[PDB]
Every structure is written in C-alpha cells, then in structure tokens.
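What is reported rests on the model, the rules as stated and the sources as named; none is laboratory data. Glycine gets a Cβ as well: all are built from the backbone with ideal geometry, and neighbour counts include every protein chain shown.
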Amino acid sequence: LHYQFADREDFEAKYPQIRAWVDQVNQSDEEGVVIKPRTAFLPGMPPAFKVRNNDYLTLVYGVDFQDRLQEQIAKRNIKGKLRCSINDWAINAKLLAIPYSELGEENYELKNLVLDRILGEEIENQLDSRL
Amino acid sequence: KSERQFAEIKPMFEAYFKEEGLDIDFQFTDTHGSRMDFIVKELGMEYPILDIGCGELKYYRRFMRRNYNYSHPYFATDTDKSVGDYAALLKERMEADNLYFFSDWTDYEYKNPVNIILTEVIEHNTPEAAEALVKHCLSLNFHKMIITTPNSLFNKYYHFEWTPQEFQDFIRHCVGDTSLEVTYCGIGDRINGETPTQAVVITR
Amino acid sequence: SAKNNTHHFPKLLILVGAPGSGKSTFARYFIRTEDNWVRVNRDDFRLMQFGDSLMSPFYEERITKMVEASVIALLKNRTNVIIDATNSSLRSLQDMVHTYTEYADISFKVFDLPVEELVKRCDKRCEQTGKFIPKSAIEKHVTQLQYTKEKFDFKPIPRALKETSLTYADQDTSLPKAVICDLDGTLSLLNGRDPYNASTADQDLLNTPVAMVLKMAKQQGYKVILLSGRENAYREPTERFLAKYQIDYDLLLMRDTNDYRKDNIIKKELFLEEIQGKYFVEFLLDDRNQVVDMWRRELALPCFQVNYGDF
Amino acid sequence: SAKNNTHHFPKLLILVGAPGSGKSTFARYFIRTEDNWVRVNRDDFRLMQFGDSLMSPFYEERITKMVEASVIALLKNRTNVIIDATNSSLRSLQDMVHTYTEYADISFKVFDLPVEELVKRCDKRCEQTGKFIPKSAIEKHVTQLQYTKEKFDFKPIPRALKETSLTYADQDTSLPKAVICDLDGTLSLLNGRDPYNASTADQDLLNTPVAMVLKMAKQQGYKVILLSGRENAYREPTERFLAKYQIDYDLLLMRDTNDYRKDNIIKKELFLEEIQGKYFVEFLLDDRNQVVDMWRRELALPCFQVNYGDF
Amino acid sequence: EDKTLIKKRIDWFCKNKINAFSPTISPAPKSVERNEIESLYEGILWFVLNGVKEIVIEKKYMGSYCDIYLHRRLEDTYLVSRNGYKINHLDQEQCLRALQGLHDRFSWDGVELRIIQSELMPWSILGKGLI
Ligand SMILES: [Mg+2]
Ligand SMILES: [Mg+2]
C-alpha cells in the first residue's frame, strides 16, 4: 500500500480500508504488517513501526496471550525501543553516506560510526525482548 | 551458603555415612580453596614466595589481600605461554608492583630465601619432567616448599594420577640424602583416612 | 624595616554557582576586560576526550590531575586564573582552597539565583548545545549552596604558605652516630653508564664534595653507612670504586639481586632491617626525588639533597 | 640484570597531519577502544578562553604552559597521552619530543593525504560549525610536513632520560677551604616567625643536623660562612641566635638594609663581592628552591638542599 | 563489550567492505482503547501528527534480515546479516542461484553494485530467529 493523507481527517476516512486490508495478512508466512514513511530516511523519524497479527504475537508472548491481554498491554512500553530504532536508522544513513570505495581498515570515520552502532546494539539489547 | 549453616548440617551427614562403613569428615570450602588456605597458612608472609605453575595467578591475588601486608617481591613461572602474555599485561601497570614472571629458569637469579608453591603442576606434565623440576627447586635457596598432587585412591569417588605410596617414593628420589624435614598430609574431605589431594611440606 | 618590603601574588577567582547561574557568561566578560587572566574549565577537558558530559570515574579522576596541573602551572607563572568551583558542597569547595592556597590570593564570586530563573535559563540553554540538566540535579545544587552559603563566608582569603615546621623523628641518642649516603647520582656520578646495568661502576666519577662530607664525618664518631639501590650482584665493581677513592666506610648495604621493586621501598626496607635501632642517623645524603621524599616524609629523617632528582 | 629488569613507561602518541587529515576523528575512535588513554588538545584550551581560533600571543604562550603541564601531569601519573602535533613542521615537532621524552615512549601516526581534498574535507568541516580555512593556510601545512617528512623519521623515540654530567665550576684550589650555610630555613628554623621580620630570630629554633654539619665542618680546615637574606638590621637577633646555639662562624654576610630585591640575586651578588675568588667552597647548604637553582645552575657549585623550597 | 573484541569485530567490518547496518524496529504504540498492544491505528496516526503524510505498508515476512551486496558480477555477491557480519556459511552457489531471479531485474549499465535490504526464507536456513 501507498498513501498520502495531507490532513489528519483524510487519514480518519481511509483508515477503515487500510484496517480491512492488513486484516487479511494472516498466513503462516507473515509476522504481520510493517509501517514505513514513503521517504525511507527523515530526521528524527523511525524507519518503521511493526504491527503484528494476533496469531504471531501469540508466539512471541506465549499461549496465554489473549487470556493475559489487558495485563500485557498495561505492561507494554515502546518509548525506549522507539528511540533506539530512530537513532539506529540515523547511524545507518551516515554509514551509507560513506562511499563504498572508501570502506577500509583505516577509514577512522567509518570505524567510529560502527563503534557507535555497536554501542547502541548493547543498549537496545537490554530492552523488552518481545519487541 | 554459610559456614554456620554448614556447621549445623555437618553432624547429620557424617552420621549418615557412619552406618555405611565410611568414616567421612566433610569440609565446607572446595578442594582447591582448602589447598590455598593450607599453603598460605603454612608459608606465611615472612619470606618472598615462588609460585611455580602459577597459572592465572590466583595465588598471587591471595597473598596481596591487603590484610596480609606482603612486603616482598613475588616470583612466578608458567611454562604455558598464554599465562605468559597475561603477566606481561600488568605492565599495563594494573600491578607492577612486585611481580616478576619468568618462563626460563635461567632468568631467575634471586639468591636469598623464598617459599615455594608447587600446586597441582606436577601432573600437567610428565613424571620425568616433574622430577626435573622438583630436583631443581630443592637446589634453590628455600625455606619451605609445598608440593601438591591428587591422591589417586580418592578418584574412586566420581595426565597421570599418583597413589600416596607412588608420591612418597617420588619425593624420596628427589631429596635423596640431602638433609631436609619432609612432612606429608592430606588436604580436603577425609574418607577412611584418604583425602582428595596430598601434600608435602619440605623444610630446611 | 619589614612593614615595607611587601610582596604580591597571583589572584585566583573561584566562581561559585548552580548550573545556569551565569558563571560562564561572567568569565567571558571578565577575562576580556580585566588584564592578566586565564580561565580553566573542567567541561572543556571533557570535550578533549570527546565526551559531552560527566564521564567514567577513570577519565574524571585524571581530568582533575590535569585541571590542578594547569591552574598551578599558570599560577606559578604569576598569571591569574579564573576557574569554576567544582560544586557548592562545602568540602570540595574547601578541597579547592587547600590545593591552591599556597599559590594565590583567593577570591570568590557567588552566583545565587532563585530556583526557577535557574531552570528558565537551563531550559533555554539546554536548547543551545546538546547538554541537559533536570530539575532534580539543579536543585541538589541550588539548595546545596544555600546551606554551605550559610556555614562559610565567601571572604577573600590571602595567600597562605603554611610552613610545615621541620620536625624529625625521635631517635635514641645513646646509639652510635652515623651518616647514610646513596651511591647512584650522589657519591657516585654514574656519568653515562646504564642506570640499571651497574656492572662497570668501578669507572664512575667521584662527586668530590659529598666525598669530603663522608671523609669529614668519619673524622668524628660517625660511622659512614652507604646504602645503594644497586643490585648486590654488582657489589665488586662497587667496593672497587670505594677503595679507589679511600672512601672508607663501616657498612655497605645493597639491593638484593633480582629484586627490581621501586628503589625507595627497598631502601626503606633496607633502612629498617639494617640501620634502625642500631644507629643514630645525623643526616642522610641522597639524590633521587622519590627517595628523598621517602626519607623526609615517611621516616622523618634529615636528608640533604645533593643534585636534581625527578627521575 | 639489565637484560632482565626491563622497565615500562607511559606512551605519548603524536598525531602529525595538516588540518582535515583525520587527527581528531582517529583519536575519537582510539581512546574508545585502547585502554589507558586521555587526549590533550590545544584547541579545546582556546575555548576555555572563549577564543574560537588563534588568539593573542599572551593567551597563546599561556595556553602552552597549560598543555605541557597537563601532558606531563598525565604521563607522570603513568597514564598514556595522545596529542595532535602542534605546528606539523619539523622543529616544533622536535620541541615536543624534547619537552616530553623523559616521561614517555614517544610514537607517531602521520596523516598525510593530499591538498586538494584536504580542502574537500576542510570545506565540509567548516560549515557544520562556522570556520574557514583558506586553501592557503592548509597549503602552508601540507608542504611543511613534506619537507619534515623528508628529513625526520616518524618511528618511535623510546624514553630517553639523560643525566646532566655534574661538572662544577673551577675553583682556584689554592684558596682556604670553607663551607657556606643559609640562615632562613636551613640552620635557623623559623617556627611561625615572620619570614620578613627577622627581629625575633633570637628565639628561632636550631635545625640540628645542619648545625652538626657546620659544627663538624670547622673541626677540619673549614671556615664557616653564614650567608643570609635577612636584612642587616636584624644582625643582633641573629648573632644572638648564633651565640645561643654554639654556632661559631667566621663571617656573617647579610642583605643591605632596605634592599628588598629578590633574595636570589642579592645572595649571588654577595657571593661575588664577599666570597668568590677569596675563599674555597667545598659545598653549600641552602633550602629555598629559587636560590638552590641559582648556586647550582648559575654559579655551578655543590649545593645541598636541606628541606623543601617551593616558595 | 571487551575492547579487543569490538576492535576486531570492527576491523572485520571494515575488511569485509560492509557499508550498512540494520536498525531494530519498534512496535506501533499500544491502544488500550482499541484493546491492542501494537496498534495499526495509533501507529500511522503517530506519523501524521509528526508531519509525515506519505507512508507505505508492506507485509513483514517470516525470515531473516540480510543485506545483499549484489555485485554485477554475480559470482562476487556476498551477504551480511542484521549485524555487521559476512554470511559465508552457506553454499555460495545455491544462494547465488536464488539470487539470480533478482539479478535480472536491473540495468547494469555502468552500475557495479546494488546494496539491497531483503528477507531470507525460511528463517530456517540462516539463523533461527524465533526458535
Ligand atoms: Mg640515586
Ligand atoms: Mg633560605
């Protein structure tokens, strides 16, 4: 799907269509759906939001998931994962901006950019594993 | 988890084995920790110590317990050249300090008395090569030497492994007619008079 | 007279305040309008390490040794230093005055701003650069001042040289009188020899004046004790040198071969096992900084430094 | 041994390259992955003075005295230091190695990449911030390396310590032998007295080991010369002090009353008008740092420091 | 996080000529209201209120994230994982064959390499991911 909304109440109107479509993404293949902005990299924006169908979540969270739903929901907190997802993509932009030719064991700007990314992996690894 | 949790349970265990023939005296610390205590107790702090087969220098970090005031150099050897690198990695300053590591016995020149620790090193290379090492150490200017090897008569509860007779014959061949005081003793849990590691305290 | 020979000393101005209280902003106008002034600033030392704020205890400890090394180097040069106080907490604020008071007329300017005009320029600052200071860490600081503000007057405190009065250890004077002398760099000028490879020391040069002290002290009850940090291995090029110059002596003490510890602590160990309780030390003659510091500071003995140490 | 006593010292790393060559960018990755390292950086010192780029010759020499005082403070602390080469030339590159090689194993990394996209990374570093670097100023730098790259090896300079061969001034040995002793802080212990108001020196204390060198020096051919920075006004609290403590002496030399020149130069001037060429000095006994340097360095005499100067 | 492991990992990141690095992806915000822990609605909405009005919605597939360094010379193509890692432990020809479907979708006129974000199937062959 591709959408441009212009105003928040156009969004309101086409939602039920979009909702109905991802509603059918249910076969064994599919973690679920992902939401990206048209432009792949924007300042301060995350690359995407995943939205996993109930059947797949049941796998990450366990067989008691529906029975335990309001619980899990209350426990859910994406504010930290979202920040890392954002910073993580921002590093990648800089890593990509580095010219392939210049990739090498003494490109100490590349080495920095990586060490940065590596550090932010150790951070994003301590978060709720089911995200 | 505690030694007075232990103290309260030890009688119960000992009794259990008494009506199974076995006269067991349990100890709380693991076999290794018993070894470390015996040596440290026996050698004391008054002479500089020589740690042969010092490995990860676990005996080093014990003598440097602030409590003890180790006011000497500390000599160490391992032939294993991975330890080789580790010692040299405390010229990271992390403490030289008084360490002196050597892998070539011709690089040890200290002529004053030392105490000598030979823990569980004589069975991580050959008996011919063990003799060679021990015989060397007994030539050096030492006060006390402690040699430690497992007691094989204990292996029945689970390079080469020596019996108490075998070990005592080894020490005798290495001391020969020199004039030393040689003392044996077990270290660790004592089942029917037999312990899991056996030891000598050779004294000048 | 004395009333009219008076000397003047560099000024140190310490800027006491909460983050946001306009400490920096004052210094910027100060060192541009007043005259002999250099600023020292801790955050900038952080930037050198590519960290933006508060770092590892590692870096942070070292940065201090840098700050103090810098303030003093500047102060010694008869240059005025303006520096931000490290905190407002009385005792670090005292620690500062200890450190620097040998060196300068200290003065203070406090930046006492109300708690919410401190946030209203901390959240107009923290839009500027990357940094941030919450409304927690500001207030441990604002009230912290209001308390230490109350139990200390930010009065000018003129240069204090405190003369640790020279007090020697108490010795049993009935013991025999003796002087103790170093070899390497003191009685023996090693003269291009290897410091550590003393195998050729029988061809060193004689520090003639020190020799004439030992040669004079032995013309009295004084036993002349030589205590060298040279390995005992090299003991025979050594008493070859000594006899060569008729430097007779009662006792030559040397470093255990293969010891290799810092040469102060083996000398101190040497002193206690072999000299203390058995002699009366009038004074000692050594050369090396580390070792003279040992003698003077750890054992409280008279030690006359012969030439420059600092190695 | 020497083969087998090897000693280890902090490393100092020097970063040689024109601006844009990745000096910082490397250091940023370096101090994060290697382990015992603090970076010292000149530019960051500028910012403490709120200068963006090169400042007054005032600030600039002062900024240096801070930089080396910091690099050394860190090196002395057995901590490794990384610095950008200062001028990137040859001779300042030498000044660096001169200043610092006593303290550390020096080594270098050169960042020698081309002038036309040294401009293409200097003109992308000069718009994040402000700045400008003319492809003139960057051009002074690329070749200045190319000449010094050409006549200087950038491979390691292991800690070189260097002993000054102690060579005394030549004294006409025909003269009578005499020893020279300071008063304030050497033979006469002030014990809270005013340094400048020597009117109560009649109630000073006696530094016994020094007194015992003078009391022994005269029990030999030695004439005892006392050379004080005390104003001559206070001469009878002084030979009251002297008489009180059985300190017999041949010659008391003192500061012209109302002189007030710094006490280095009035002691040196006194030496030439009242002692030099007319006596033979075996050695001198003084205390104050400033003055000892004087005897030792300027007049090249044996001078034994009794306690700590640094005032 | 041992300095020496990071260092050599990066050294290899440089030798292997890697020029990109994946982000972690956050779930969409919960909607207690809509009784779902990752909400399709609250997620797209988030983008809107942040001034992003043009968005995409793909289906996320059960597979491993890999970056294909699609060299024009298809022999030269290698794979890197969600981390900074060359994917060697696969028969480079079965891999390359599956990769050729793709290869023929491009004009390789003065184009030496396209770096392409992809999912590998099943999650099985590579790592495991959820097992
Ligand atoms: Mg010396
Ligand atoms: Mg004086």
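For region B:55-134, which fully contained strands (runs of 3 or more DSSP E) count at least 1 residues that are small (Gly, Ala, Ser) and touching a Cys at 6+ places or on another chain (Cβ under 6 Å)? If you could, list the steps in order and put the result at the bottom.
Working: elements: B:74-77, B:99-101, B:114-119.
Output list reads B:74-77.
Looking for something closer than 21 Å to B:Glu46 by Cβ and either touching a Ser or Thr at 6+ places or on another chain (Cβ under 7 Å) or of a type in the set (A, V, I, L, M, F, W, C) (or both) - is there at least one such residue anywhere in region B:162-175?
Just the residues of region B:162-175 that are closer than 21 Å to B:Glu46 by Cβ, to begin with: none.
No, that holds for no residue.
Confirm whether D:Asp43 is out of contact with any helix residue (DSSP H, G or I) (no Cβ under 7 Å at 6 or more places or on another chain), more than 8 Å from chain C (Cβ to nearest Cβ) and closer than 25 Å to C:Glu68 by Cβ. Explain how you work it out, then say what you get.
Working: out of contact with any helix residue (DSSP H, G or I) (no Cβ under 7 Å at 6 or more places or on another chain): yes; more than 8 Å from chain C (Cβ to nearest Cβ): yes; closer than 25 Å to C:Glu68 by Cβ: yes.
Criteria met by D:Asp43.
Is it the case that some residue within region D:192-209 is more than 14 Å from chain C (Cβ to nearest Cβ), of a type in the set (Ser, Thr, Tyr) and more than 16 Å from ligand 2 (Cβ to nearest atom)?
no
Out of curiosity, is C:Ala169 within 18 Å of C:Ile275 (Cα to Cα) and not assigned by CATH to the domain that holds C:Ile266? Don't jump to the end; show me each part of the working.
Values: within 18 Å of C:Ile275 (Cα to Cα): yes; not assigned by CATH to the domain that holds C:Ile266: yes.
Criteria met by C:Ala169.
Which numbered condition trips up C:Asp310, out of (1) more than 11 Å from chain D (Cβ to nearest Cβ); (2) within 14 Å of ligand 1 (Cβ to nearest atom)?
Among (1) more than 11 Å from chain D (Cβ to nearest Cβ); (2) within 14 Å of ligand 1 (Cβ to nearest atom), C:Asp310 violates only (1).
Out of the residues in region D:2-25 that are in contact with a strand residue (DSSP E or B) (Cβ under 7 Å, 6 or more places away or on another chain) and closer than 28 Å to D:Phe132 by Cα, which is nearest to the other protein chains (Cβ to nearest Cβ)? Show your work before the answer.
Going through region D:2-25, the residues in contact with a strand residue (DSSP E or B) (Cβ under 7 Å, 6 or more places away or on another chain) turn out to be D:9-17, D:21-23.
Subsequent filtering for residues that are closer than 28 Å to D:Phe132 by Cα retains D:13-17, D:21-23.
Details: D:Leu13: 14, D:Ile14: 15, D:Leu15: 11, D:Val16: 15, D:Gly17: 12, D:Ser21: 11, D:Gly22: 6, D:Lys23: 10 Å.
In this case the residue turns out to be D:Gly22.
Is there a residue in region D:294-303 that is more than 16 Å from ligand 1 (Cβ to nearest atom), assigned by CATH to the domain that holds D:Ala198, out of contact with any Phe, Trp or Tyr (no Cβ under 6 Å at 6 or more places or on another chain) and assigned to a strand (DSSP E or B)?
no
Scan region E:87-131 residue by residue and report those that are under 10 Å from E:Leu70 (Cβ atoms) and assigned to a strand (DSSP E or B).
Passing the criteria: E:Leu113, E:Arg114, E:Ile115, E:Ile116, E:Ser118.
Given the residues C:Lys65, C:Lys109, which is the only one that is at the interface with another protein chain (Cβ under 9 Å from one of its Cβ atoms), among the charged types (D, E, K, R) and out of contact with any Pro (no Cβ under 6 Å at 6 or more places or on another chain)? Give the steps one after another, and end with the answer.
Details: C:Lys109 fails: at the interface with another protein chain (Cβ under 9 Å from one of its Cβ atoms).
Matching residue, one of C:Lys65, C:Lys109: C:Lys65.
Condition first: loosely packed, with under 10 Cβ neighbours inside 10 Å and within 30 Å of C:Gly309 (Cα to Cα). Now tell me which residues in region C:143-166 satisfy that.
C:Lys162, C:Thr164
Checking A:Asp55 against (1) within 30 Å of E:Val111 (Cα to Cα); (2) more than 7 Å from every other protein chain (Cβ to nearest Cβ); (3) acidic (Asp, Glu), which single condition isn't satisfied?
(1)
Search region D:280-293 for residues being in a strand (DSSP E or B) and more than 12 Å from ligand 2 (Cβ to nearest atom), and hand back the single one that is farthest from the chain's Cα centre (by Cα). Break it down stepwise before answering.
Residues of region D:280-293 in a strand (DSSP E or B): D:280-286.
Keeping just the survivors that are more than 12 Å from ligand 2 (Cβ to nearest atom) gives D:280-283.
On the way: D:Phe280: 30, D:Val281: 27, D:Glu282: 26, D:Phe283: 23 Å.
Only one residue tops the list, namely D:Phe280.
Restricting region D:178-197 to residues that are more than 14 Å from D:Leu226 (Cα to Cα) and assigned to a loop (DSSP other than H, G, I, E, B), which is farthest from ligand 1 (Cβ to nearest atom)? Steps first, answer last, please.
Of region D:178-197, the ones more than 14 Å from D:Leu226 (Cα to Cα) are D:189-197.
After this cut, where a residue has to be assigned to a loop (DSSP other than H, G, I, E, B) as well, the list is D:190-197.
Working: D:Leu190: 30, D:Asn191: 31, D:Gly192: 34, D:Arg193: 34, D:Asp194: 37, D:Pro195: 32, D:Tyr196: 36, D:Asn197: 39 Å.
Residue satisfying both the conditions and the ranking: D:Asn197.
List every residue pair whose Cβ atoms lie under 6 Å apart, where the two residues are 6 or more positions apart in sequence or sit on different chains, the first residue falls within region D:192-212 and is in the same structural domain as D:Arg230 (by CATH), and the second residue, located anywhere, is in a helix (DSSP H, G or I) and surrounded by fewer than 19 Cβ atoms within 10 Å (Cβ to Cβ).
D:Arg193/D:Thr200; D:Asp202/D:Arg240
Against the conditions (1) closer than 20 Å to B:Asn67 by Cα; (2) not in a helix (DSSP H, G or I), where does B:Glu42 fall short? Just the number, please.
The failed condition is (2).
Quick check on my filter: what residues within region C:259-284 are of a type in the set (S, T, N, Q) and in contact with a helix residue (DSSP H, G or I) (Cβ under 8 Å, 6 or more places away or on another chain)?
Here is the first cut: in region C:259-284, the residues of a type in the set (S, T, N, Q) are C:264, C:276.
C:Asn264 - this is the single residue of region C:259-284 that is of a type in the set (S, T, N, Q) and in contact with a helix residue (DSSP H, G or I) (Cβ under 8 Å, 6 or more places away or on another chain).
Could you go through region C:138-148 and let me know if any residue there is under 29 Å from the mean Cα position of the chain (by Cα) and of a type outside the set (A, V, I, L, M, F, W, C). First the steps, then the outcome.
From region C:138-148, those under 29 Å from the mean Cα position of the chain (by Cα) are C:148; that's our starting set.
Those left that are additionally of a type outside the set (A, V, I, L, M, F, W, C): C:148.
So far as region C:138-148 goes, yes, one or more of its residues are under 29 Å from the mean Cα position of the chain (by Cα) and of a type outside the set (A, V, I, L, M, F, W, C).
State all residues of region A:28-52 that are on the phi < 0 side of the Ramachandran plot and either more than 7 Å from every other protein chain (Cβ to nearest Cβ) or of a type in the set (S, T, N, Q) (or both); if no residue qualifies, say none.
Quick first cut of region A:28-52, residues on the phi < 0 side of the Ramachandran plot only: A:28-31, A:33-43, A:45-52.
Scanning region A:28-52 gives A:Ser28, A:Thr39, A:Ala40, A:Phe41, A:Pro43.
Inside region C:133-166, can you point out the residues that are more than 16 Å from ligand 2 (Cβ to nearest atom), more than 30 Å from C:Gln276 (Cβ to Cβ) and within 14 Å of another protein chain (Cβ to nearest Cβ)?
Start the filter on region C:133-166 by keeping residues that are more than 16 Å from ligand 2 (Cβ to nearest atom), which leaves C:133-160, C:162.
Now drop any that are not more than 30 Å from C:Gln276 (Cβ to Cβ), which leaves C:133-160.
Selection gives C:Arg159, C:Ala160.
Within the bounds of region C:172-189, is there any residue that is of a type in the set (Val, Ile, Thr) and either more than 14 Å from chain D (Cβ to nearest Cβ) or within 26 Å of the chain's Cα centre (by Cα) (or both)? Please lay out each step first, then the result.
Let us first name the residues in region C:172-189 that are of a type in the set (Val, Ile, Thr), namely C:173, C:179-180, C:186.
Then drop every residue that is not either more than 14 Å from chain D (Cβ to nearest Cβ) or within 26 Å of the chain's Cα centre (by Cα) (or both), which leaves C:180, C:186.
There is at least one residue in region C:172-189 that is of a type in the set (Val, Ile, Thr) and either more than 14 Å from chain D (Cβ to nearest Cβ) or within 26 Å of the chain's Cα centre (by Cα) (or both).
Out of all the residues in region C:222-237, which are facing chain D (nearest Cβ under 10 Å) and within 25 Å of D:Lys218 (Cβ to Cβ)?
C:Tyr222
On the given criteria, is C:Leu75 within 16 Å of ligand 2 (Cβ to nearest atom), buried (at least 16 other Cβ atoms within 10 Å of the Cβ) and within 14 Å of chain D (Cβ to nearest Cβ)?
Numbers: within 16 Å of ligand 2 (Cβ to nearest atom): no; buried (at least 16 other Cβ atoms within 10 Å of the Cβ): yes; within 14 Å of chain D (Cβ to nearest Cβ): yes.
Against the criterion (within 16 Å of ligand 2 (Cβ to nearest atom), buried (at least 16 other Cβ atoms within 10 Å of the Cβ) and within 14 Å of chain D (Cβ to nearest Cβ)), C:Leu75 does not qualify.
Would it be correct to say that C:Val213 is within 15 Å of ligand 1 (Cβ to nearest atom) and either hydroxyl-bearing (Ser, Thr, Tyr) or within 10 Å of chain D (Cβ to nearest Cβ) (or both)?
Working: within 15 Å of ligand 1 (Cβ to nearest atom): no; either hydroxyl-bearing (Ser, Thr, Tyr) or within 10 Å of chain D (Cβ to nearest Cβ) (or both): yes.
Considered against the rule, which asks whether it is within 15 Å of ligand 1 (Cβ to nearest atom) and either hydroxyl-bearing (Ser, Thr, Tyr) or within 10 Å of chain D (Cβ to nearest Cβ) (or both), C:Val213 comes out as no.
When both residues are 6+ apart or on different chains and their Cβ atoms are under 9 Å apart, which pairs have a first residue that lies in region D:282-293 and is among the β-branched types (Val, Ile, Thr), and a second that is within 16 Å of ligand 1 (Cβ to nearest atom)?
That search, which allows pairs on different chains as well, returns D:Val292/C:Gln305; D:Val292/D:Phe304; D:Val292/D:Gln305.
Any idea which residue in region D:252-270 is nearest to ligand 1 (Cβ to nearest atom), counting only those that are out of contact with any strand residue (DSSP E or B) (no Cβ under 7 Å at 6 or more places or on another chain) and more than 14 Å from every other protein chain (Cβ to nearest Cβ)?
Among them, the one singled out is D:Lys268.
Only one residue in A:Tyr108, A:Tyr100, A:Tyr3 is in contact with a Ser or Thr (Cβ under 8 Å, 6 or more places away or on another chain) and facing another protein chain (nearest Cβ under 7 Å). Which one?
Details: A:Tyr100 fails: in contact with a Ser or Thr (Cβ under 8 Å, 6 or more places away or on another chain); A:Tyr3 fails: in contact with a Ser or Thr (Cβ under 8 Å, 6 or more places away or on another chain).
Result: A:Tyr108 is the single residue among A:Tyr108, A:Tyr100, A:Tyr3 that is in contact with a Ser or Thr (Cβ under 8 Å, 6 or more places away or on another chain) and facing another protein chain (nearest Cβ under 7 Å).
Just checking: which of the helices (runs of 4 or more DSSP H) contained wholly in region A:68-131 hold 3 or more residues that are among the β-branched types (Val, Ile, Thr) and in contact with a helix residue (DSSP H, G or I) (Cβ under 7 Å, 6 or more places away or on another chain)?
Working: elements: A:69-75, A:79-97, A:108-124.
Correct list: A:108-124.
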